[PDB]
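Before I ask anything, let me first share the structure, which is written out below as structure tokens.
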Amino acid sequence: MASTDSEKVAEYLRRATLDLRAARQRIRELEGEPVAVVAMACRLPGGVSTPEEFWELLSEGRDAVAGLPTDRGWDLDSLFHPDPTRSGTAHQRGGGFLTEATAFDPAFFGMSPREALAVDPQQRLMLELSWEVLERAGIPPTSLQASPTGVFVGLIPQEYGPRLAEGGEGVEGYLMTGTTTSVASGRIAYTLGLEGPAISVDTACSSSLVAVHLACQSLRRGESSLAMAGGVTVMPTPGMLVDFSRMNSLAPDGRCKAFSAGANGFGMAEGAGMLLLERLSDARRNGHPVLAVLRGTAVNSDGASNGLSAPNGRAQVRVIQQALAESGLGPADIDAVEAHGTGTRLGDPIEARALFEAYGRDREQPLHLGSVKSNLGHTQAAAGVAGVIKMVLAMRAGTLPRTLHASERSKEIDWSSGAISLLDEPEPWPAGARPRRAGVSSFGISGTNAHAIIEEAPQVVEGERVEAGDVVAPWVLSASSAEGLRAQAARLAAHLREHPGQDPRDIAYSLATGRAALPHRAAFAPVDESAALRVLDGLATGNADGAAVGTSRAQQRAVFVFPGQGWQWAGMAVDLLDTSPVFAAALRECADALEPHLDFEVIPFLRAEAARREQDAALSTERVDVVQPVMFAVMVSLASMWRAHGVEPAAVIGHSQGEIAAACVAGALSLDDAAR
Amino acid sequence: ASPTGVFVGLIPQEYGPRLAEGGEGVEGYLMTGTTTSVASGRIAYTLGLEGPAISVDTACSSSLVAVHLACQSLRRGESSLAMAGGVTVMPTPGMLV
Amino acid sequence: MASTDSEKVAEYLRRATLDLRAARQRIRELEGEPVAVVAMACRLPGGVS
Amino acid sequence: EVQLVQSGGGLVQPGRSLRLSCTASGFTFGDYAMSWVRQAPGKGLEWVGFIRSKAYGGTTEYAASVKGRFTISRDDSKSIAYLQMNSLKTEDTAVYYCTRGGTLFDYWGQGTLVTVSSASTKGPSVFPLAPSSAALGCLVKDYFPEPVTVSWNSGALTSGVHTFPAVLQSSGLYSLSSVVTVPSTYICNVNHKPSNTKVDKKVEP
Amino acid sequence: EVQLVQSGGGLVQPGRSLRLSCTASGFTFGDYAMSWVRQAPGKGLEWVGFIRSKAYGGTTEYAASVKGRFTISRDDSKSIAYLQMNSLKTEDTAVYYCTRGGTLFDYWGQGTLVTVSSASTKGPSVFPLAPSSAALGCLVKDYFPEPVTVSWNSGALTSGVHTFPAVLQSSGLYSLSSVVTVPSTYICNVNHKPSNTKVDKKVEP
Amino acid sequence: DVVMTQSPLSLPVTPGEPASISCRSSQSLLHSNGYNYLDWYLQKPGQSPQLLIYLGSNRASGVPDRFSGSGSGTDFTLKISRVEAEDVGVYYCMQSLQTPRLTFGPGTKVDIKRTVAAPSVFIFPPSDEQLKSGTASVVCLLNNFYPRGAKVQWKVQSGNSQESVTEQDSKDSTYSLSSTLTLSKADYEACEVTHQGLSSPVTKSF
Amino acid sequence: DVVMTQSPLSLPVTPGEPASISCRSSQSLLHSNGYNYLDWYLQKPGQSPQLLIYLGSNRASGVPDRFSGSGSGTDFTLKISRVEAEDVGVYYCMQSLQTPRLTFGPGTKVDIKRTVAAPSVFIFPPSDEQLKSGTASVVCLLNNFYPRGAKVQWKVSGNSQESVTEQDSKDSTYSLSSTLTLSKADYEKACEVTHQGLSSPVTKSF
């Protein structure tokens, strides 16, 4: 324009670049945006009901293949016969089986004691997990109503009760809508109120990583701001270990001896698992916990294999390389791999030869090859989300857990490159300078390989840090049953006798803004954590002393009732303004609205006790010319206090002069108006 | 060996004999028949497709939800071709019951 | 010289714009690339095959 | 993000000195050439001036309307742009903006309402509008400054209520004429906030 | 879609003329000042010149090495850029390339192996390389021009075969020295395509 | 000289329907680089002006894809592929060839489009207490009319009328006019419009 | 004066490993606009160049996410976050501040990285029929060596020519044929190298 020969075009270039910088950051936020694992809930066998118990099975190298379930009353009798071709016999004589299958809380989830008998245990556990995964990600499970949030559940349709053409007595129309894989992801979105893509995918034993991949690819784009991605296989009938045994694919002892010379086949188990997932710059902007980031995912069918159940050796290399070129990484960044490790004698040699071809390509540091199934059992459709719970507790515990049955590494694989180090021992895995990434791979019977690359959470240096000790807030307990509320203060009590000195403000933040406002409420404001621990033990027995118990029906709607006269004491709020500036300042606006209409101000009145109010020209109560405005000022400041603490009235009603305060707080009369 | 997704939308239903009791000739294949899982992988096996072969279960929306998943496997580019589609052949009167 | 900054900072603007015209038609193909329906097979109620 | 948040509006009498500050956070302040675009109430935008980048010399180009009166500066270490408005006259009553480009206006900031009026703070002269025989309204002539808010039936009637944007006389005062349209006996309460003078009006033909 | 396909290479003698054409299809030809750069065999790129856009006008900036010798033009209605090479010399033996820009060489042509040599077309002087006592090799000295193809055991041995890149002497000729490394009695075959002179070599220590 | 740029100043838009604002420049805005030096700005009603398009056709980031840009050196065009309720305001065609630019242009007054309405001319004689007060204000309120192109006279002449108009409402999408004839003591001792909601002059007096 | 720009001319890259070419300019390439005037070009081996990054940090469409650009006009650093078989060749640091620009710079000779190999020196005395043809060519072959920073001297010098091949794939080494095109008599009167595959001079003669 004027100076030199550039003052205008160099503004359109600045803009064409900050538009190119902001349009090529939109391409990397739509196909490669990290998807944070906001929380993980899992009902894996071995009594595992939560990942902390799960970090307590992998770390001690405990196998969870105990035996067949007798809690459902199976016909194990016939599941076994010397002749192994009997049409109804099973070869797995063990396996990882949970007792949480024949167990559910119908009343909590709003289903009748007849609609729930029909509820397929796969869905039944998924409903319980959907509530937990939220209750441990912070997000109140009842706060996600009409919120875009996809439920992506992976399920191998399994057969529960009477055939749909042989309807029961109470279970009849609800036998198809409680068992259709359709309504496992759908029951969740209904009970939780979610309005997002509630898709129940089915890709055999990769339906958890496919559901995780289908949720990550539903997030990178944006159709659901949040997403619950996971999968469950709880096997109601012994109909899967009696068919898988008919193709002689099972092991006679139920162990998935991954990458081991004793490999017999799958050690088929049953389990669940759910991940709460959100775009990494949506779980940092909302403060949600970020446990690990799912960098990239890939799904790749085996193609024309040598059998439907037969694995492809060059369709896994193209899925370990699609998830490795969609995450923007390379084969040398992934420290460890949670491989399928089915324990098969022709699927493990093919898996690992696909792992020396996509990862073990001149590896400077050996790949730590490990398998949750070994410690657990082929979790079928829950395997792949039980590998992103294993390799997300491996992120956050600084340790690669064991592969429990692989000391005698199989002789059908070539472990000569020294590029893969099967995890026969707990390998330390601390936070170094290079990000800690892992790979979880689930390949299925249908021939749909899936591979997901996990990375450790971006090191949060400060985040929500410490300020100062001060007034303590109520410990907010609530449950949907009077016997479940005793169990809440029988599990928070333990979560503090196991973890003592836990900041009270932190047990009143993730209990109040971390849980749902369920009917049976027992909040309590505790001076100390032992005062608390005391009330916690009292509520375990139902004895409320120091605890504010109550009952509700999702009630809300408080009413500010305003007494006219007779509620004054000699020291009304003497320290209520000395402890918080939300009452002192609340008094300040009333005072400056009372100064032009009153001489003596309210500030020194409630500041001083009656024993010291006798010398400030303001009697304790008899001065109706002074205490009536004081009453109104105390009243309005207190009402503003409850409003500042989130207590808003559905109605204000005043008695005689509390009418003035009610009008002041209702908005019909200004602060100065009602003050005058 | 081509990138070609198969996105079928079905419903579990009930076809053969309850797997616990197995069968006479259909013993190891009963499982491979009654699984919406292989109802997308069987297709990607016979033709040889190497694209994501996912099965969808949203009941009366399975097909349209499967075209959604396929449309975005083509928008992102995971698969250059896709076969979206849904089937509800009801081999038992269980559903009308 | 190159017509100082008249034929240069305007030569970099036909790249930063022609790259913006190709990094925005990648976003219109990552989200709204219209997919075809190349063929349709149906076995529907009745004689439909 | 880039946010050009402004500050420094207010009420002055013609011939004063007023400051306009443009807080730039999100971009390198020294690369762009901040400019100040004036928009008098309800007309088109007019560009006041702009300072060149410190690397582009820092030469400040002003309008023909405000040359010798306004001066524009910029600081990187304190990262603020200045419109120094000296010797104001009646024309400066306007919403002054701060854009981040001399020829390519970008963020634009928010909008600092500067008012140069010779008036003083007085309440409304609420004069009712009797119906011909119809609609019922009420004037608020001769109030200053803006804020102003007029309701009907004291915020009970909201359908048909048209609170005509205010109007400036040559005397520096403001005039709103709020009118409802409904066949009938209605009340209008005008609350001039700067002076807190709430006047109420009952109207009949 | 943009492309800048070239044409006009060949074999000439120092002191001749030659045409270099740059077919531009995909972009508005008149917008970009287009350059002509040159890669001497196996060294870094040197920029020959560039013609400025017809819309810009400007001039035709050439190098110090080729001023008064080369001239560059452009046509929009026929949409071709020209490097007119005149009064050539041995230095012009190189791969001239035409890039779409004068400061930002964004797009490029495949490169035209424009060659200026005083030699004539003669076959190879295939001279063997007897082993010391080891590797076995064979020269191709004094052939012209490039193409050249030397294989071993007549394209049977491909492991250990290192065809040594074209070397030009001061006489304008070329010399390849293809050698295999394997303990032993081997055949090397050379076929100078322009002259079709296939000579075969049997080697012993 | 200076580039004089004009536009369809009063362009109506109806939601969900593609619209097209155009700009016509006296001089040529296609500078030698082959890049047009025209910019498209949007001032949404009562907000900070926005940059929609720079260099004639390039769209600024953060601006909805709907706004498309095109044009030669004189005639230019903004093609909103989909007009919604935020696409309304003033669209300024603002050149860049000759900086400085004292004005942003008249700007295209965009409105949510309906059919033509019926100006409710309501002559309201001044309350007499006002005459007791020292002034006179007969107000000829027009109400519920669209488009807003109404002359409003004061006869029996005009020259002491001052203007008050609101922007377009939502459920009726009309305009309302408060033409006030502020006035003095004696001279108190008629208004009409020529809006295309009617054709004939409708003269009603105090 | 002119901007003199240098780089790590012989930078080795190993696949899958982030690499970093740097550029150092004598003058300042950060022009008033706040935009560096340095460009990064890639001539992949035996192909037409393509742009990689412009204005110092901006990347040119079609260039993968791998090629990042960070630094200031004076000290720049093209950062390849993932070197594959495509991230090899010659990387030219090419300024834009001053244009006349006779050269693209020496360019960073990028190579697929391995450990250091021992150069296999083969002295091949010329065929005697060549001595009956009118010339003499004793060839000192240097097979299978990396890096390529080895010269061949002729003792007991100056007529030597040079023939190196670019890096092969399965061995990723270099091979040199240093040629002594020579004349009839002066044959009746040795080669060695100083490659860092060895340290001591290894002199073997015809």
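By written order: A, B, C, D, E, F and G. Residues from 1 in each chain.
The definition used in the following text is that a residue touches a chain if its C-beta (ideal position, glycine included) is under 8 Å from a C-beta of that chain, and two chains touch if they have at least 3 such contacts.
The set of chains in contact with subunit C as well as subunit G comprises A, E. A simple rule picks the central chain: find each chain's mean C-alpha point, then take the one closest to the mean of all protein C-alpha atoms, which gives C.
Rotation angle relating subunit D to subunit E: 180°, from a CA superposition, given to the nearest 5.
Separating the CA-averaged centres of subunit B and subunit E is a span of 58 Å.
Note: centroid distance subunit B to subunit F, computed from Cα atoms, is 59 Å. Chain centres here are Cα averages; for subunit D and subunit G they lie 67 Å apart. Rounded to a whole number, the gap between the C-alpha centres of subunit A and subunit E is 65 angstrom. Residue positions 2-3, 5-10, 12-17, 19-20, 23-24, 30-31 of subunit C each touch two or more of the other chains.
Looking at subunit F, residues 33-35, 37, 54-55, 58-60, 96, 99 sit in touch with two or more other chains. Touching two or more other chains at once are residues 31, 56, 61, 102-104, 106 of subunit D. Here the touching chains pair up as A-B, A-C, A-D, A-F, A-G, B-C, C-E, C-F, C-G, D-F, D-G, E-F, E-G.
Residues 2-3, 6-8, 11-12, 14-15 of subunit C are the ones touching subunit E in the complex. Subunit A meets subunit F in the complex at residues 1, 8-9, 12, 15-16, 18-19, 22-23. Within the complex formed with subunit D, the subunit G residues making contact are 32-34. By the touch rule above, subunit C contacts subunit A in their complex via residues 3-6, 9-10, 12-13, 16-17, 19-20, 23-24, 26-27, 30-31.
The touching residues of subunit E, counted against subunit F in their complex, run 28, 30-31, 53, 55-57.
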